[PDB]
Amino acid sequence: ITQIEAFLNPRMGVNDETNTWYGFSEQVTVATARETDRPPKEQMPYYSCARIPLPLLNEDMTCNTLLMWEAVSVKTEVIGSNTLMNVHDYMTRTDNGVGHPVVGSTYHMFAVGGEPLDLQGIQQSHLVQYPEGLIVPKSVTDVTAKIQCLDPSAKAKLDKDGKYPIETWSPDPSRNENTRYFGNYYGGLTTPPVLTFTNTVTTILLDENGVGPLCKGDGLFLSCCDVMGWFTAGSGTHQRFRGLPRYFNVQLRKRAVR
């Protein structure tokens, strides 16, 4: 059993660790028309991803029998729920009451994979104009009204950290044979966030046949996104997405393959 640890930082829009709003989005702006809907880069949450390099197993990749790393299980943890207990920051308040803590829509997902997470493109609006330096369904097909449902042409891989927006991309259930993904979504404008944390819980990654993800290229592929909802600064009614970092501890073993 080989243990691999990693923390993936949230990519909430302010993805630069020198910027004072790191781990939040920039203030979210809202379209004045369907056809003029143009969100800046910094105002949308992204999938976080990392390829962790694994020890080289085959001193010759020509042999018809090889060793590949198998992900057998994962302990994962969203850290920092405790930060949202801060209600003395410069936040909206009612009379002399506490600062209004982060609330709204929540999006939790992690994936452990032997290759990049397969993504399927889908959108709330076909008419959105995404900025430059983002991978969105437009990058791979003709975005029509079909993208508001299932357009089987809208396929991609999560290979760039902080560049694939959650709002255009779902884990593709029709692929991801070599990846396990898990997520949940809870909507609403002001819904309270919920989180549980413990170091006592292991997720088994073996499939129906006892085969974990197999790490192509001696690469272990971690993906996630942990939106806690919106923060509101005491400066106004403008809101920012707030995300938290995710810990991964993956257990691997060597598996012989043809």
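All residue numbers are counted from 1 along the displayed sequence.
- Looking at 72-80 and 93-101 together, the entry lists the larger mean B-factor for 72-80, computed on C-alpha atoms.
- Legend: mean Cα B-factor per stretch from the PDB entry, 162-170 versus 184-192; the higher mean is in 162-170.
- Highest C-alpha temperature factor among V28, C225, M228, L66 per the entry: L66.
- Among the modelled residues of its chain, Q239 has a C-alpha B-factor that falls in the lowest third according to the deposited record.
- Per the PDB record, residue ranking by Cα B-factor puts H108 in the lowest third of the chain.
- In the deposited entry, the Cα temperature factor of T232 sits in the bottom third of values across the chain's modelled residues.
- Placement of the Cα temperature factor of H88 within the chain: lowest third of the modelled residues, per the deposited record.
- When the modelled residues of the chain are ordered by their C-alpha B factor, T200 lands in the middle third.
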